[PDB]
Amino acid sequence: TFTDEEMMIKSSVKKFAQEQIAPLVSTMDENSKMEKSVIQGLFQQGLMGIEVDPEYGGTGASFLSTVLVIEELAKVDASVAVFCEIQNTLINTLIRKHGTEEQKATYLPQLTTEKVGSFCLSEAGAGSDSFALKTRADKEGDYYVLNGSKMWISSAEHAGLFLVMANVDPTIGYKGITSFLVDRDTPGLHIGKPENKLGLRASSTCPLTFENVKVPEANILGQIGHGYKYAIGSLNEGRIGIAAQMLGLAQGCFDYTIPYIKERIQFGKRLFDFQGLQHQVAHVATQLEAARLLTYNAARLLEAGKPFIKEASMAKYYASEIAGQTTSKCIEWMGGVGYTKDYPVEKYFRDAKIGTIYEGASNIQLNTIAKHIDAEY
């Protein structure tokens, strides 16, 4: 039961996705390249500043709107959904919450209209162990020198803004981790070739290297040493976003597959009429239902200002795990055609597999959930 605005935004995104994205899904996947038409369409439609204030060109909508947009996009293409998720839930939120009036006035208008941001936390030696990051920041008078590397950076290929976590004092561990706003065009910053991936292929995923990258002191986001707090704070909200992506992906796969099994006839009946298959369908539908409830409930808790971290982890864990199961089963229900790239279900399957890995792997979600359970008893 959504507000009028939430319902309108959902219907608008559904139309946009069907008309502007669906025709391109296959070719974007094949060539690991999101089309400019889609990217600029997202900005044009106000989908890159959903919660940002209108004064900065934002839509001014609710967090649940962002969730419904992510879900609705992912029903067509999970790659476009995460592209939208990163901008809204990681980049925009961090700048909204911790930016100075100066930083907000500068960056938010660009971020709602044409500039793409990348969230730069992970390194080769700091994946699940994010706070072991070795990218360092040395204060030299009016600027900081950044040295290190990042790995797996989503949207980096054409990003203009990099939100970079770097340690200003490695002798104090994670409490030296600080957030920096870094412009693309700066000596020493290199964005490498996008990875060649199993799925999520249209979402660029690039290595970064920082060779004596110089960042003005005014480009520190928030307080020195609090960057670890901002990283995991934004990722707590990001887990709801990834729950929504995984949900939408799984739903889109399911929605496509049921009409097929209704129409396909073997042994004189609809595939849907074999009870073994009906039971698998019903089991999966129940899991999709549970996933949707967990995702929306986490979102509503966040909106209400209630504790939501355990619930966000629960949604991301469950939705990502059941998206793997849903997509795997849909290929089977389709049979042979499901194994071919002429049908969409094999892409949903390839895309879903990422969900149990990024924004905190499944084991990490369970660790977080257990910590919360320990504190409740």
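Each residue number is its position in the shown sequence, starting from 1.
Comparing 98 to 106 with 141 to 149, the stretch with the higher mean C-alpha B-factor in the PDB entry is 98 to 106. Remark: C84 belongs to the middle third of its chain, ranked by C-alpha B-factor as recorded.
In the PDB entry, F180 places in the lowest third of its chain by CA B-factor. Annotation for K329: C-alpha temperature factor in the highest third relative to the rest of the modelled chain, per the entry. In the deposited entry, the Cα temperature factor of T59 sits in the top third of values across the chain's modelled residues.
Sort the modelled residues of the chain by CA B factor and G188 lands in the lowest third.
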